[PDB]
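For reference, the structure is listed below as structure tokens.
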Amino acid sequence: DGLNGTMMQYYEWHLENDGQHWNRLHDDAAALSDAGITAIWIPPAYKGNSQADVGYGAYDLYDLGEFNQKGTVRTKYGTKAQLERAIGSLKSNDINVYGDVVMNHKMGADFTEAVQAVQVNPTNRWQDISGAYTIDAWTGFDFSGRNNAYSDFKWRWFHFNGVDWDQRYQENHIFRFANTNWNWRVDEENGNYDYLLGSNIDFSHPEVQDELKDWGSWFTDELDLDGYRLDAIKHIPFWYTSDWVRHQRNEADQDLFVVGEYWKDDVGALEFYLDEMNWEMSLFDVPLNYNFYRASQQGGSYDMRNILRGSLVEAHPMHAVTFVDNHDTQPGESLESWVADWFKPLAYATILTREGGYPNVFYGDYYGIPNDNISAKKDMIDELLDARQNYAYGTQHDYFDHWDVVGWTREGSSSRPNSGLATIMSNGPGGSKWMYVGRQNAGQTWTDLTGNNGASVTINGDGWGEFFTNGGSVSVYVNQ
Ligand code: NA
Ligand code: NA
Ligand code: NA
């Protein structure tokens, strides 16, 4: 009934490869809903390069842990039946399901093929650095164990335009297939960032365009998805992602939420992409991720008044999926920009108690990351989810007027009893700030849901209250 939406990435990079994750998800459904989670982003659910693959080394998009391929039947997360069972549990508990979609490349080809290719400048793929010669690339996919179930489409080298490994001479190089063009338009870092890893798909081919559109529809129907999380889209021709998304919404009866991962610490680049998409999807707020990271790294000297500056949520709140960390930013991973424990509570309060943006909770933060001795922050997050789910409603007032202490308020809405809140925090010494929470809340006494400050704040006759916060901390006051 108008409840704020909250997404949760249900996995972390170092999850154990025990094949019991879908089952865990299934048993956690009710608890997650009660906690305030309304949507779950599941990891790539199809067969990857190997059983332990996190899912991005995608081998067979039609094998959801159902066929014996790549050395295993189940994926790292479990079997097809356990996933379907988990999804059913999510639906019955009012939780939307977003499926991760990996279409930029394929990995784990069954055999190599001889291909004329040229080496290109890694920092400028538009420039060849060698003449054309024949290499042996891993491009042949037969999906043997699937027996053509669902689809008899087979992949070959002519469906791709590049790889980063030559099996003939056993060397690593960024290869562009001779007589093939890099996809366009794509991100321009390194000149043309079409190629990332694995066997890079060339969408110029109509057969490729149709195959992935048809697979998408099949995947959507098979799992009854409510949306998707589009992987590495800055490496995929923009025109195609738009075509694909429009195609899926046309084939599915249910609404489909779409959030793309355009990984770049540049809001303008993201806005450019959204213009190209005619704003038909949201994008993860990568700049905000880096804002949080810069703050975490610098300490109190960071000017909190700029915490949201340059972020996507700041400019287009309706098209931004906000987050603090993910499987790519956690320690040791490729896009590391981990927010330390001290600043993490402030970052989560920022995405969970504000009116703009569609916030996402990271599994690694919620349950911790054992591999790196990172504690579970479930207690802290649940209090902020309680705030979001039951109190973050109504007109918002911002107070980013001090370099250390900042905050904002929500007047609450008649639709939700006792809703309304006041968030105040400091990345340096503690302090206080008078903020307006709505004259309709006069006479109420508000207390901190996080327990970080025992102050009791009574709202005066004009609807103003003075809220307190300790140093390097965050408090969220509500009429509890
Ligand atoms: Na690409
Ligand atoms: Na981060
Ligand atoms: Na500061």
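Residue numbering restarts at 1 in every chain; chains get A, B, ... in the order shown in the structure tokens, and ligands count up from 1 in that same order.
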
Near segment 238-254 of chain A, counting only C-alpha atoms, which residues have an atom at most 10 Å away, once you skip same-chain residues fewer than 6 positions from it, shown as number ranges by chain?
A: 103, 183-187, 203-204, 209-210, 212-218, 220-221, 224-228, 230, 260, 273-274, 276-281

Just write the chosen residues, N, CA, C and O atoms, as a compact mmCIF listing (two decimals), in the first residue's frame.
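Dumped everything to result.txt:
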```
# COMPACT_ATOMS: atom_id res chain seq x y z
N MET A 103 24.86 -10.63 -21.32
CA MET A 103 24.83 -10.81 -22.77
C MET A 103 26.03 -10.22 -23.50
O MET A 103 26.12 -10.29 -24.72
N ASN A 183 31.71 -3.30 -31.68
CA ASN A 183 30.33 -2.86 -31.57
C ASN A 183 30.34 -1.34 -31.41
O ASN A 183 31.34 -0.75 -31.01
N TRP A 184 29.21 -0.72 -31.72
CA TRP A 184 29.06 0.72 -31.60
C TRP A 184 27.56 1.01 -31.59
O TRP A 184 26.81 0.35 -32.30
N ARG A 185 27.12 1.97 -30.77
CA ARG A 185 27.97 2.76 -29.89
C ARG A 185 28.20 2.08 -28.53
O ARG A 185 27.31 1.41 -28.01
N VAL A 186 29.39 2.28 -27.97
CA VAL A 186 29.76 1.72 -26.66
C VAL A 186 30.60 2.76 -25.93
O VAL A 186 30.96 3.79 -26.51
N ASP A 187 30.93 2.49 -24.66
CA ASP A 187 31.74 3.43 -23.89
C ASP A 187 33.04 3.66 -24.64
O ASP A 187 33.55 2.74 -25.30
N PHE A 203 26.93 -7.82 -32.03
CA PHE A 203 25.49 -7.69 -32.26
C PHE A 203 25.07 -7.24 -33.66
O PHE A 203 23.88 -7.21 -33.96
N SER A 204 26.03 -6.89 -34.51
CA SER A 204 25.71 -6.46 -35.87
C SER A 204 24.97 -7.58 -36.61
O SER A 204 24.28 -7.32 -37.59
N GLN A 209 21.06 -10.87 -32.71
CA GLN A 209 20.04 -9.99 -32.15
C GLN A 209 18.78 -10.77 -31.79
O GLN A 209 18.26 -10.65 -30.68
N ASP A 210 18.30 -11.57 -32.73
CA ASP A 210 17.09 -12.36 -32.52
C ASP A 210 17.25 -13.45 -31.47
O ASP A 210 16.34 -13.69 -30.67
N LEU A 212 19.26 -13.62 -28.78
CA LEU A 212 19.27 -13.08 -27.42
C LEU A 212 17.93 -12.47 -27.01
O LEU A 212 17.61 -12.43 -25.82
N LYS A 213 17.15 -12.01 -27.99
CA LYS A 213 15.83 -11.45 -27.69
C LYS A 213 14.93 -12.62 -27.33
O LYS A 213 14.14 -12.54 -26.39
N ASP A 214 15.05 -13.70 -28.10
CA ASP A 214 14.24 -14.90 -27.86
C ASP A 214 14.65 -15.59 -26.57
O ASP A 214 13.80 -16.12 -25.85
N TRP A 215 15.95 -15.60 -26.29
CA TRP A 215 16.42 -16.22 -25.05
C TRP A 215 15.86 -15.41 -23.88
O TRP A 215 15.39 -15.97 -22.89
N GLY A 216 15.94 -14.09 -23.99
CA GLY A 216 15.45 -13.22 -22.94
C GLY A 216 14.01 -13.51 -22.59
O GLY A 216 13.66 -13.63 -21.42
N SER A 217 13.17 -13.64 -23.62
CA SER A 217 11.75 -13.93 -23.41
C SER A 217 11.58 -15.29 -22.75
O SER A 217 10.77 -15.46 -21.83
N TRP A 218 12.33 -16.27 -23.24
CA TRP A 218 12.26 -17.62 -22.69
C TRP A 218 12.64 -17.60 -21.20
O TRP A 218 11.95 -18.20 -20.37
N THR A 220 12.70 -14.98 -19.14
CA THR A 220 11.70 -14.23 -18.40
C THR A 220 10.49 -15.10 -18.06
O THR A 220 10.05 -15.13 -16.91
N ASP A 221 9.97 -15.83 -19.05
CA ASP A 221 8.81 -16.69 -18.83
C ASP A 221 9.12 -17.88 -17.93
O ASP A 221 8.33 -18.23 -17.05
N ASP A 224 9.47 -16.40 -14.55
CA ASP A 224 8.43 -15.42 -14.24
C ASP A 224 9.03 -14.18 -13.59
O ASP A 224 8.56 -13.73 -12.55
N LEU A 225 10.07 -13.63 -14.22
CA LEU A 225 10.75 -12.46 -13.68
C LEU A 225 9.91 -11.19 -13.64
O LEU A 225 8.93 -11.05 -14.38
N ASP A 226 10.31 -10.26 -12.77
CA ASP A 226 9.63 -8.98 -12.62
C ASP A 226 10.56 -7.89 -13.11
O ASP A 226 10.24 -6.70 -13.02
N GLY A 227 11.72 -8.29 -13.61
CA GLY A 227 12.67 -7.32 -14.10
C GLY A 227 14.04 -7.93 -14.29
O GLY A 227 14.22 -9.13 -14.10
N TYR A 228 15.01 -7.10 -14.65
CA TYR A 228 16.36 -7.59 -14.86
C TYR A 228 17.40 -6.63 -14.34
O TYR A 228 17.13 -5.45 -14.13
N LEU A 230 20.86 -5.63 -15.80
CA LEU A 230 21.67 -5.76 -17.01
C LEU A 230 23.16 -5.56 -16.78
O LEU A 230 23.62 -4.45 -16.52
N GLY A 260 20.32 -1.09 -15.31
CA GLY A 260 21.53 -1.46 -15.99
C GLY A 260 22.76 -1.09 -15.19
O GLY A 260 22.72 -0.14 -14.40
N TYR A 273 23.93 7.76 -21.63
CA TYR A 273 23.36 6.44 -21.88
C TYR A 273 21.85 6.42 -21.70
O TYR A 273 21.13 5.78 -22.47
N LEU A 274 21.35 7.10 -20.66
CA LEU A 274 19.92 7.13 -20.41
C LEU A 274 19.19 7.91 -21.51
O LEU A 274 18.05 7.59 -21.85
N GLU A 276 20.10 7.92 -24.58
CA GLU A 276 20.06 6.92 -25.65
C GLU A 276 19.00 5.85 -25.41
O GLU A 276 18.49 5.26 -26.36
N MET A 277 18.67 5.60 -24.14
CA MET A 277 17.66 4.60 -23.79
C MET A 277 16.28 5.23 -23.73
O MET A 277 15.29 4.55 -23.45
N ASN A 278 16.20 6.53 -23.99
CA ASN A 278 14.94 7.24 -23.90
C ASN A 278 14.41 7.08 -22.48
O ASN A 278 13.20 7.00 -22.25
N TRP A 279 15.34 7.01 -21.53
CA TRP A 279 15.04 6.88 -20.11
C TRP A 279 14.08 5.75 -19.74
O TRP A 279 13.27 5.88 -18.82
N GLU A 280 14.19 4.63 -20.44
CA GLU A 280 13.32 3.49 -20.18
C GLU A 280 13.86 2.48 -19.16
O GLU A 280 13.39 1.35 -19.07
N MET A 281 14.85 2.89 -18.37
CA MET A 281 15.41 2.03 -17.34
C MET A 281 16.11 2.90 -16.32
O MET A 281 16.23 4.12 -16.50
```

Could I get the residues of segment 126-204 of chain A with an atom no further than 8 Å from an atom of segment 42-64 of chain A, each paired with its nearest atom pair and that distance in Å to one decimal, using only C-alpha atoms, sorted by chain and residue number, as a tab-separated table?
```
residue	atom	partner	partner_atom	distance
A:143	CA	A:60	CA	6.9
A:146	CA	A:63	CA	7.2
A:150	CA	A:62	CA	7.0
A:151	CA	A:62	CA	7.7
A:198	CA	A:57	CA	7.5
```

Mind dumping a table of every chain A residue within 7 Å of ligand 2, with the nearest atom pair and its distance in Å to one decimal, using only C-alpha atoms and all ligand atoms, sorted by chain and rising number, as a tab-separated table?
```
residue	atom	partner	partner_atom_place_in_ligand_line	distance
A:289	CA	ligand 2	1 (Na)	5.0
A:290	CA	ligand 2	1 (Na)	6.4
A:292	CA	ligand 2	1 (Na)	6.5
A:293	CA	ligand 2	1 (Na)	5.5
A:324	CA	ligand 2	1 (Na)	4.7
A:325	CA	ligand 2	1 (Na)	3.8
A:326	CA	ligand 2	1 (Na)	6.9
A:329	CA	ligand 2	1 (Na)	5.5
A:337	CA	ligand 2	1 (Na)	4.5
A:338	CA	ligand 2	1 (Na)	4.2
A:339	CA	ligand 2	1 (Na)	4.9
```

For the residues in that selection, give me C-alpha atoms as a short mmCIF file (atom, residue, chain, number, x, y, z; two decimals), in the first residue's frame.
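In the end it all went to selection37.cif:
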```
data_model
loop_
_atom_site.label_atom_id
_atom_site.label_comp_id
_atom_site.auth_asym_id
_atom_site.auth_seq_id
_atom_site.Cartn_x
_atom_site.Cartn_y
_atom_site.Cartn_z
CA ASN A 289 29.24 4.62 -4.89
CA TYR A 290 32.52 6.42 -5.45
CA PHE A 292 30.78 7.10 -0.48
CA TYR A 293 34.15 5.48 -1.13
CA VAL A 324 26.93 1.20 -1.01
CA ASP A 325 28.80 -1.89 -2.27
CA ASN A 326 28.42 -5.01 -4.41
CA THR A 329 33.50 -3.41 -5.03
CA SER A 337 35.68 0.72 -3.74
CA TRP A 338 34.73 -0.77 -0.40
CA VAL A 339 33.08 1.45 2.19
#
```

Every residue of segment 152-368 of chain A that DSSP places in helix (DSSP H, G or I), as a compact mmCIF listing (two decimals) with N, CA, C and O atoms, in the first residue's frame:
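So the final result, stored in states-v7.txt, reads:
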```txt
# COMPACT_ATOMS: atom_id res chain seq x y z
N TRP A 157 32.57 -18.77 -33.98
CA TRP A 157 33.42 -17.59 -34.03
C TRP A 157 32.82 -16.41 -34.80
O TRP A 157 33.06 -15.25 -34.44
N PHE A 158 32.05 -16.69 -35.84
CA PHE A 158 31.48 -15.60 -36.63
C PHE A 158 30.37 -14.83 -35.95
O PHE A 158 29.85 -13.87 -36.51
N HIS A 159 30.02 -15.24 -34.73
CA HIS A 159 29.00 -14.57 -33.94
C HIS A 159 29.70 -13.57 -33.01
O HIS A 159 29.06 -12.72 -32.38
N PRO A 206 22.07 -10.06 -37.36
CA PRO A 206 20.64 -10.22 -37.09
C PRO A 206 20.33 -11.50 -36.32
O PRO A 206 19.49 -11.50 -35.41
N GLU A 207 20.99 -12.59 -36.68
CA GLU A 207 20.77 -13.86 -35.99
C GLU A 207 21.12 -13.76 -34.51
O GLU A 207 20.48 -14.39 -33.67
N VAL A 208 22.14 -12.98 -34.19
CA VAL A 208 22.55 -12.79 -32.79
C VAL A 208 21.49 -11.96 -32.07
O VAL A 208 21.07 -12.29 -30.96
N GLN A 209 21.06 -10.87 -32.71
CA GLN A 209 20.04 -9.99 -32.15
C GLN A 209 18.78 -10.77 -31.79
O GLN A 209 18.26 -10.65 -30.68
N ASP A 210 18.30 -11.57 -32.73
CA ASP A 210 17.09 -12.36 -32.52
C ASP A 210 17.25 -13.45 -31.47
O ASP A 210 16.34 -13.69 -30.67
N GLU A 211 18.39 -14.13 -31.48
CA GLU A 211 18.65 -15.20 -30.52
C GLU A 211 18.57 -14.71 -29.08
O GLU A 211 17.89 -15.32 -28.25
N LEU A 212 19.26 -13.62 -28.78
CA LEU A 212 19.27 -13.08 -27.42
C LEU A 212 17.93 -12.47 -27.01
O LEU A 212 17.61 -12.43 -25.82
N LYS A 213 17.15 -12.01 -27.99
CA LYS A 213 15.83 -11.45 -27.69
C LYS A 213 14.93 -12.62 -27.33
O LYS A 213 14.14 -12.54 -26.39
N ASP A 214 15.05 -13.70 -28.10
CA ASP A 214 14.24 -14.90 -27.86
C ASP A 214 14.65 -15.59 -26.57
O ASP A 214 13.80 -16.12 -25.85
N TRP A 215 15.95 -15.60 -26.29
CA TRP A 215 16.42 -16.22 -25.05
C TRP A 215 15.86 -15.41 -23.88
O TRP A 215 15.39 -15.97 -22.89
N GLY A 216 15.94 -14.09 -23.99
CA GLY A 216 15.45 -13.22 -22.94
C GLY A 216 14.01 -13.51 -22.59
O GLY A 216 13.66 -13.63 -21.42
N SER A 217 13.17 -13.64 -23.62
CA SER A 217 11.75 -13.93 -23.41
C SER A 217 11.58 -15.29 -22.75
O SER A 217 10.77 -15.46 -21.83
N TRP A 218 12.33 -16.27 -23.24
CA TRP A 218 12.26 -17.62 -22.69
C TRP A 218 12.64 -17.60 -21.20
O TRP A 218 11.95 -18.20 -20.37
N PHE A 219 13.74 -16.92 -20.90
CA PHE A 219 14.28 -16.78 -19.54
C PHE A 219 13.25 -16.09 -18.64
O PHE A 219 12.95 -16.54 -17.54
N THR A 220 12.70 -14.98 -19.14
CA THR A 220 11.70 -14.23 -18.40
C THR A 220 10.49 -15.10 -18.06
O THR A 220 10.05 -15.13 -16.91
N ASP A 221 9.97 -15.83 -19.05
CA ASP A 221 8.81 -16.69 -18.83
C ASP A 221 9.12 -17.88 -17.93
O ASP A 221 8.33 -18.23 -17.05
N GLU A 222 10.27 -18.52 -18.16
CA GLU A 222 10.66 -19.69 -17.38
C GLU A 222 10.70 -19.40 -15.88
O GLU A 222 10.22 -20.21 -15.08
N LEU A 223 11.26 -18.25 -15.51
CA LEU A 223 11.38 -17.86 -14.10
C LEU A 223 10.33 -16.83 -13.64
O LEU A 223 10.33 -16.43 -12.47
N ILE A 233 26.60 -3.25 -19.34
CA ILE A 233 26.01 -2.59 -20.49
C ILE A 233 26.83 -1.51 -21.18
O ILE A 233 26.53 -1.15 -22.31
N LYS A 234 27.85 -0.97 -20.52
CA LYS A 234 28.66 0.06 -21.18
C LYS A 234 29.54 -0.57 -22.26
O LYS A 234 30.17 0.13 -23.05
N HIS A 235 29.58 -1.91 -22.28
CA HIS A 235 30.39 -2.65 -23.24
C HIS A 235 29.51 -3.24 -24.35
O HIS A 235 30.01 -3.85 -25.29
N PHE A 238 24.74 0.35 -27.34
CA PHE A 238 23.55 0.98 -26.75
C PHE A 238 22.27 0.70 -27.52
O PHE A 238 21.24 0.38 -26.93
N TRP A 239 22.34 0.81 -28.84
CA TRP A 239 21.15 0.59 -29.66
C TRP A 239 20.53 -0.77 -29.40
O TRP A 239 19.30 -0.90 -29.40
N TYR A 240 21.35 -1.79 -29.17
CA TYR A 240 20.79 -3.11 -28.95
C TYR A 240 20.12 -3.30 -27.60
O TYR A 240 19.05 -3.90 -27.51
N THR A 241 20.75 -2.80 -26.54
CA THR A 241 20.16 -2.94 -25.22
C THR A 241 18.76 -2.33 -25.24
O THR A 241 17.82 -2.88 -24.66
N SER A 242 18.61 -1.20 -25.93
CA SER A 242 17.31 -0.56 -26.03
C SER A 242 16.34 -1.47 -26.78
O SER A 242 15.21 -1.69 -26.34
N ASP A 243 16.78 -2.00 -27.92
CA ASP A 243 15.94 -2.90 -28.70
C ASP A 243 15.50 -4.08 -27.85
O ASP A 243 14.32 -4.44 -27.81
N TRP A 244 16.47 -4.68 -27.16
CA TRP A 244 16.23 -5.84 -26.32
C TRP A 244 15.22 -5.56 -25.22
O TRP A 244 14.26 -6.31 -25.02
N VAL A 245 15.43 -4.47 -24.48
CA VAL A 245 14.52 -4.11 -23.41
C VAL A 245 13.11 -3.91 -23.96
O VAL A 245 12.14 -4.46 -23.44
N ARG A 246 13.00 -3.13 -25.04
CA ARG A 246 11.68 -2.89 -25.62
C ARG A 246 11.04 -4.19 -26.06
O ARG A 246 9.83 -4.36 -25.93
N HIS A 247 11.85 -5.12 -26.55
CA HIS A 247 11.34 -6.41 -26.99
C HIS A 247 10.78 -7.22 -25.82
O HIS A 247 9.70 -7.80 -25.92
N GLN A 248 11.51 -7.26 -24.70
CA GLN A 248 11.05 -8.03 -23.55
C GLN A 248 9.72 -7.51 -23.00
O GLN A 248 8.81 -8.29 -22.72
N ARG A 249 9.61 -6.19 -22.84
CA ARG A 249 8.38 -5.59 -22.33
C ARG A 249 7.22 -5.86 -23.28
O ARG A 249 6.06 -5.93 -22.86
N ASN A 250 7.53 -6.02 -24.55
CA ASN A 250 6.50 -6.29 -25.53
C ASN A 250 6.02 -7.74 -25.43
O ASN A 250 4.84 -8.02 -25.64
N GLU A 251 6.92 -8.66 -25.09
CA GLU A 251 6.56 -10.07 -24.98
C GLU A 251 5.98 -10.50 -23.63
O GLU A 251 5.25 -11.48 -23.55
N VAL A 267 28.70 10.82 -13.91
CA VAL A 267 27.26 10.91 -14.08
C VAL A 267 26.85 11.34 -15.49
O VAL A 267 25.80 10.94 -15.99
N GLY A 268 27.69 12.15 -16.14
CA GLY A 268 27.38 12.59 -17.50
C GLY A 268 27.35 11.43 -18.48
O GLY A 268 26.52 11.39 -19.39
N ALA A 269 28.26 10.48 -18.29
CA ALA A 269 28.31 9.31 -19.15
C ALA A 269 27.04 8.50 -18.94
O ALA A 269 26.47 7.96 -19.90
N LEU A 270 26.59 8.41 -17.69
CA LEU A 270 25.37 7.67 -17.39
C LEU A 270 24.15 8.39 -17.96
O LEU A 270 23.23 7.75 -18.48
N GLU A 271 24.14 9.71 -17.86
CA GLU A 271 23.01 10.48 -18.39
C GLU A 271 22.98 10.32 -19.92
O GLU A 271 21.92 10.20 -20.51
N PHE A 272 24.16 10.30 -20.53
CA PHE A 272 24.27 10.13 -21.98
C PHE A 272 23.58 8.82 -22.35
O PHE A 272 22.75 8.77 -23.26
N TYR A 273 23.93 7.76 -21.63
CA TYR A 273 23.36 6.44 -21.88
C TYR A 273 21.85 6.42 -21.70
O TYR A 273 21.13 5.78 -22.47
N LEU A 274 21.35 7.10 -20.66
CA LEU A 274 19.92 7.13 -20.41
C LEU A 274 19.19 7.91 -21.51
O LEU A 274 18.05 7.59 -21.85
N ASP A 275 19.85 8.92 -22.06
CA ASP A 275 19.26 9.69 -23.15
C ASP A 275 19.05 8.69 -24.29
O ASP A 275 17.97 8.62 -24.88
N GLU A 276 20.10 7.92 -24.58
CA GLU A 276 20.06 6.92 -25.65
C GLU A 276 19.00 5.85 -25.41
O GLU A 276 18.49 5.26 -26.36
N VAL A 286 26.63 4.57 -9.77
CA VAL A 286 28.05 4.35 -9.60
C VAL A 286 28.80 5.58 -9.07
O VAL A 286 29.70 5.45 -8.25
N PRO A 287 28.44 6.80 -9.53
CA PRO A 287 29.15 7.96 -9.00
C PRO A 287 28.94 8.08 -7.49
O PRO A 287 29.87 8.39 -6.74
N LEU A 288 27.72 7.82 -7.03
CA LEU A 288 27.42 7.89 -5.61
C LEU A 288 28.25 6.83 -4.88
O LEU A 288 28.73 7.06 -3.76
N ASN A 289 28.43 5.67 -5.50
CA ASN A 289 29.24 4.62 -4.89
C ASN A 289 30.62 5.19 -4.60
O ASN A 289 31.15 5.06 -3.49
N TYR A 290 31.20 5.83 -5.60
CA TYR A 290 32.52 6.42 -5.45
C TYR A 290 32.54 7.63 -4.51
O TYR A 290 33.58 7.94 -3.93
N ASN A 291 31.41 8.31 -4.37
CA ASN A 291 31.34 9.45 -3.44
C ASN A 291 31.49 8.84 -2.04
O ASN A 291 32.29 9.32 -1.23
N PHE A 292 30.72 7.79 -1.77
CA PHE A 292 30.78 7.10 -0.48
C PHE A 292 32.18 6.59 -0.22
O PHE A 292 32.69 6.69 0.90
N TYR A 293 32.81 6.03 -1.25
CA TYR A 293 34.15 5.48 -1.13
C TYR A 293 35.16 6.57 -0.81
O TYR A 293 36.00 6.40 0.07
N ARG A 294 35.09 7.69 -1.53
CA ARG A 294 36.00 8.80 -1.29
C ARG A 294 35.85 9.30 0.15
O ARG A 294 36.84 9.63 0.81
N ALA A 295 34.62 9.35 0.64
CA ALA A 295 34.35 9.81 2.00
C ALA A 295 34.93 8.82 3.00
O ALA A 295 35.57 9.20 3.99
N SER A 296 34.70 7.53 2.74
CA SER A 296 35.20 6.47 3.61
C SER A 296 36.72 6.52 3.69
O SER A 296 37.31 6.39 4.76
N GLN A 297 37.35 6.74 2.54
CA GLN A 297 38.81 6.79 2.45
C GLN A 297 39.47 8.02 3.07
O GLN A 297 40.51 7.93 3.71
N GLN A 298 38.86 9.18 2.86
CA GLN A 298 39.41 10.44 3.35
C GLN A 298 39.21 10.71 4.83
O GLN A 298 40.06 11.31 5.48
N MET A 304 30.98 16.91 3.81
CA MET A 304 29.70 16.23 3.65
C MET A 304 28.66 16.95 2.79
O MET A 304 27.71 16.32 2.32
N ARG A 305 28.83 18.25 2.58
CA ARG A 305 27.90 19.01 1.76
C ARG A 305 27.95 18.53 0.30
O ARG A 305 27.01 18.75 -0.47
N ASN A 306 29.04 17.87 -0.08
CA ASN A 306 29.21 17.38 -1.45
C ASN A 306 28.97 15.88 -1.58
O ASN A 306 29.17 15.31 -2.66
N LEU A 312 24.01 10.25 -9.51
CA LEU A 312 22.90 10.13 -10.44
C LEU A 312 21.60 10.44 -9.68
O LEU A 312 20.72 11.10 -10.21
N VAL A 313 21.50 9.96 -8.44
CA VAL A 313 20.29 10.19 -7.65
C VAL A 313 20.00 11.68 -7.47
O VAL A 313 18.84 12.10 -7.43
N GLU A 314 21.06 12.47 -7.36
CA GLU A 314 20.95 13.91 -7.19
C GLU A 314 20.22 14.55 -8.38
O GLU A 314 19.35 15.40 -8.20
N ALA A 315 20.57 14.13 -9.60
CA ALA A 315 19.98 14.68 -10.82
C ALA A 315 18.74 13.97 -11.34
O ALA A 315 17.82 14.62 -11.85
N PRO A 317 16.66 11.16 -9.57
CA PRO A 317 16.26 10.22 -8.52
C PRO A 317 15.36 9.08 -8.98
O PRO A 317 15.43 7.97 -8.44
N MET A 318 14.55 9.34 -9.99
CA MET A 318 13.62 8.34 -10.51
C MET A 318 14.29 7.27 -11.36
O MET A 318 13.70 6.22 -11.62
N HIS A 319 15.52 7.52 -11.79
CA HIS A 319 16.24 6.56 -12.63
C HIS A 319 17.53 6.05 -12.01
O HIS A 319 18.39 5.50 -12.70
N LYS A 344 29.93 3.08 6.61
CA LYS A 344 28.84 2.31 6.02
C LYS A 344 27.44 2.65 6.55
O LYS A 344 26.48 2.72 5.78
N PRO A 345 27.31 2.87 7.87
CA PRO A 345 25.98 3.20 8.40
C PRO A 345 25.46 4.52 7.83
O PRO A 345 24.27 4.67 7.57
N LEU A 346 26.36 5.48 7.64
CA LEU A 346 25.99 6.78 7.09
C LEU A 346 25.57 6.64 5.63
O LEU A 346 24.61 7.28 5.19
N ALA A 347 26.28 5.79 4.89
CA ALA A 347 25.96 5.57 3.49
C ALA A 347 24.60 4.90 3.33
O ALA A 347 23.81 5.29 2.48
N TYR A 348 24.31 3.90 4.16
CA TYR A 348 23.03 3.22 4.08
C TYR A 348 21.85 4.13 4.47
O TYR A 348 20.78 4.06 3.86
N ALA A 349 22.05 4.97 5.49
CA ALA A 349 21.00 5.88 5.92
C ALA A 349 20.68 6.82 4.76
O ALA A 349 19.52 7.14 4.50
N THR A 350 21.72 7.26 4.07
CA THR A 350 21.58 8.16 2.93
C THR A 350 20.73 7.58 1.80
O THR A 350 19.93 8.30 1.21
N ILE A 351 20.89 6.29 1.50
CA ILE A 351 20.11 5.70 0.41
C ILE A 351 18.77 5.14 0.86
O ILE A 351 17.83 5.05 0.07
N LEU A 352 18.66 4.78 2.13
CA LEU A 352 17.43 4.20 2.64
C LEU A 352 16.39 5.16 3.22
O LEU A 352 15.19 4.87 3.16
N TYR A 363 24.11 -8.17 0.04
CA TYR A 363 24.15 -9.40 0.83
C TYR A 363 25.38 -9.43 1.73
O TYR A 363 25.29 -9.78 2.90
N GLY A 364 26.52 -9.05 1.16
CA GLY A 364 27.77 -9.04 1.90
C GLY A 364 27.75 -8.18 3.15
O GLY A 364 28.43 -8.48 4.14
N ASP A 365 26.98 -7.09 3.11
CA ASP A 365 26.89 -6.21 4.26
C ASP A 365 25.89 -6.76 5.25
O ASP A 365 26.12 -6.74 6.46
N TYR A 366 24.78 -7.25 4.73
CA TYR A 366 23.72 -7.79 5.56
C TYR A 366 24.18 -9.00 6.37
O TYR A 366 23.97 -9.05 7.59
N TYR A 367 24.81 -9.96 5.71
CA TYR A 367 25.26 -11.18 6.37
C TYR A 367 26.75 -11.28 6.60
O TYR A 367 27.22 -12.26 7.17
```

Ligand 3: which residues are within 7 Å, counting only C-alpha atoms and all ligand atoms, as number ranges by chain?
A: 300-304, 403-404, 427-428

Mind the document's chain letters and residue numbers, and return as a list in words the residues of segment 174-262 of chain A that DSSP labels strand (DSSP E or B).
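DSSP on the backbone gives strand (DSSP E or B) at residues 174, 175, 176, 177, 199, 200, 201, 227, 228, 229, 230, 257, 258, 259 and 260 of chain A.
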
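Interatomic distance, atom CA of residue 86 of chain A to atom CA of residue 229 of chain A: 18.2 Å.
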
For the atom pair atom CA of residue 13 of chain A and atom CA of residue 265 of chain A, what is the interatomic distance in Å to one decimal place?
21.5 Å

Would you kindly return, as a list in words, each protein, DNA or RNA residue with an atom no farther than 9 Å from any atom of residue 421 of chain A, considering only C-alpha atoms and excluding same-chain residues fewer than 6 positions away?
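Residues meeting the cut-off are residues 353, 387, 391, 392, 393, 408, 409, 410, 411, 412, 437, 446, 476, 477, 478 and 479 of chain A.
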
I need the residues from that last selection saved to file as a tab-separated table (two decimals), in the first residue's frame (with C-alpha atoms), if you can.
```
chain	number	residue	atom	x	y	z
A	353	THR	CA	15.85	7.23	4.38
A	387	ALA	CA	12.92	3.46	9.14
A	391	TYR	CA	8.79	6.04	8.64
A	392	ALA	CA	10.43	7.41	5.46
A	393	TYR	CA	7.29	9.00	3.98
A	408	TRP	CA	17.24	15.70	6.38
A	409	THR	CA	13.68	15.11	7.49
A	410	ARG	CA	10.48	13.47	6.27
A	411	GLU	CA	7.18	14.90	7.55
A	412	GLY	CA	5.46	11.53	7.30
A	437	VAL	CA	9.79	17.98	10.48
A	446	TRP	CA	11.31	11.35	18.76
A	476	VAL	CA	17.56	8.38	12.66
A	477	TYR	CA	14.83	9.81	14.91
A	478	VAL	CA	11.20	8.74	14.63
A	479	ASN	CA	8.02	8.84	16.72
```

If you count only C-alpha atoms, the residue of A:114, A:154, A:341, A:140 closest to residue 169 of chain A turns out to be A:114

Can you work out the spacing between atom CA of residue 447 of chain A and atom CA of residue 379 of chain A in Å, to one decimal?
17.0 Å
